[PDB]
Amino acid sequence: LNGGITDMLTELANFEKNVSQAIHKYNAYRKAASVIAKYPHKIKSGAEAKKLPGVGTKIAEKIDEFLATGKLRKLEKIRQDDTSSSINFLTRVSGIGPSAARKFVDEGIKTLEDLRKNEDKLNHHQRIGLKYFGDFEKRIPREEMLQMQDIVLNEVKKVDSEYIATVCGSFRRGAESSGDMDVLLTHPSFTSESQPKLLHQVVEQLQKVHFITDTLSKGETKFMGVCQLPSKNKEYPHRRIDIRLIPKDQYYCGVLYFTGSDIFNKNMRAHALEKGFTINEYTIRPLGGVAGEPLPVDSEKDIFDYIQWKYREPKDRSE
DNA sequence: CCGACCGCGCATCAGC
DNA sequence: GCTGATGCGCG
DNA sequence: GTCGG
């Protein structure tokens, strides 16, 4: 409906973040693009959009110019500037942030090919990001997710039956396609007052059956890496998977949190306020304005009960 | 007018 | 070698 | 860049 405007804003956001290294402007722009995309009328002026939360005076000028001229002068000058367009592109490589990008580009490294020539100048995460540059930008069709979940839940169940695993993200809301695979893991012998190699044991199994192919980073609670579905002798693209081990007594707060949507938790985090509780990523604690101890949570329903809110199916949690 | 705008786990580096 | 800072990715 | 205290 307003495809141009939201593209323009998203270009602007990518540029403040990657090139100006001004992350707050980056979120301001995308915030603005977020609300404008969710606007059931074709915007007809800057002023019109100004009535929106997240759209201020400056973005309003840009919308008038884009509407009037079909382009934005600021963006043009930016696209025809090799430095900032080459820094902006390099960040598409996982492991290359604003700072690394600019660094490379200062010393001539501008392209994927320049990166291959210089593999010896990238860290491990970066090498892997370079390797799977195309694959990481692909979306994961649901029926692959489904198939991926099956192996992950299946291989966890096989290390120790007490393991609990939940693939969250938009996928848990039944979105047709995901961007990565986010699994939350926990285990009875693991609380806020508590085994030695719980995550490891599971990452290994998944490696042992050739499902996990590369590790970006791995510690006692968070795993970031790459996986791939087996094929029938045209191989599947490689995909990003995170795996997070969480204490059992905060597990379900976790699940609720990493299921979103961002907006659903917003209207919930800030509805539980009305009713006298503070929800966060870890716990639901009561308010006295001082927060008491965390309450027991045995499921997602429990959290919904505390704020006496009707339970909302992950699917219907779009907002 | 002026500061907030999430803040955390892991990898790596800067400074001893 | 150790400790704290920084970069990066991510709900 | 936009917001709200």
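Sequence lines set the chain letters: A, B, ... in the order given, protein chains first and strands last, and positions in each chain run from 1. Just the heavy atoms: all of them, side chains too, but no hydrogens, waters or symmetry mates, feed the values below.
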**OP:** Using a cut-off of strictly less than 4.0 Å between a heavy atom of the residue and any atom of DNA chain D, enumerate the qualifying residues of residues 22-57 of chain A by number.
**Re:** A:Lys25, A:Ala28, A:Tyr29, A:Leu52, A:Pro53, A:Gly54, A:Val55, A:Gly56, A:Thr57
Original post:
Residues two or more places apart in sequence or in another chain: which of them pass ring-ring contact (aromatic ring centres under 6.0 Å, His included) with A:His271?
Top reply: A:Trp309
Original post:
side-chain hydrogen bond (donor to acceptor under 3.5 Å, both in side chains) with A:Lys218: which residues, sequence neighbours excluded?
Top reply: A:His200
Subject >> For A:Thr213, all residues meeting side-chain hydrogen bond (donor to acceptor under 3.5 Å, both in side chains), sequence neighbours excluded >> reply: none
Between protein and nucleotides 3-6 of chain C, what N or O pairs are separated by less than 3.5 Å?
none

Subject >> salt bridge (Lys or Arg N to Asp or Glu O under 4.0 Å) pairs, two or more places apart, involving residues 26-39 of chain A >> reply: none
Subject >> A:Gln126: side chain to side chain contact (heavy atoms under 4.5 Å, CB included) partners, not counting sequence neighbours >> reply: A:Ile96, A:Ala100, A:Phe104, A:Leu122, A:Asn123
Subject >> Test ring-ring contact (aromatic ring centres under 6.0 Å, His included) applied to A:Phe133 - qualifying residues, sequence neighbours left out >> reply: A:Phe89
Subject >> Salt bridge present between A:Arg73 and A:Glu65 (N-O < 4.0 angstrom) >> reply: yes
Subject >> Set of residues satisfying ring-ring contact (aromatic ring centres under 6.0 Å, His included) with respect to A:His238, sequence neighbours excluded >> reply: A:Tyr132
Subject >> With sequence neighbours excluded, residues passing side chain to side chain contact (heavy atoms under 4.5 Å, CB included) with A:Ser34 >> reply: none
**OP:** Mind checking which stems touch DNA chain B? I mean at least 3 consecutive Watson-Crick or G-U pairs, both distances under 3.5 Å.
**Re:** B:1-5 with D:1-5, B:7-16 with C:1-10
**OP:** Name all residues meeting the ring-ring contact (aromatic ring centres under 6.0 Å, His included) criterion together with A:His41; count only those two or more places apart in sequence or in a different chain, and write none if there are none.
**Re:** A:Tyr39
